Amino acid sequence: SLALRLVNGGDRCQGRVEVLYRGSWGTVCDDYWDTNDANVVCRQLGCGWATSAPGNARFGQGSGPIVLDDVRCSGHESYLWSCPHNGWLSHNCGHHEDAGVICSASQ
């Protein structure tokens, strides 16, 4: 029921990262967003390994809440929200900072 998808990306394996928290799809700030974070996302979606982790709303801007920020994944986590971060709904971003991924399974 805590879910994740990629949107405005062209296939399911690349897009803006969004997370279903408490009935709402919300976004992820790009502040420490790297390919370790994007691997956790790609692995958790079954899209494999990450080819990049673009910041600056490269797949546009969400209009939900911003649900995660300062994500600092070791790389071995199952789910993005199990990584270290500043806690649910704690962020210092706007949606222009929304984080995205491209995965291997993207065409």
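The first residue of the shown sequence is 1; numbering continues from there.
- Per-chain ranking of the deposited C-alpha B factor places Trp49 in the highest third.
- Remark: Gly10 belongs to the highest third of its chain, ranked by C-alpha B-factor as recorded.
- When all modelled residues of the chain are sorted by CA temperature factor, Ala105 is found within the highest third.
- Annotation for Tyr79: CA B-factor lies in the lowest third of the chain's modelled residues.
- Compared with the other modelled residues of the chain, the Cα B-factor recorded for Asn92 ranks in the lowest third.
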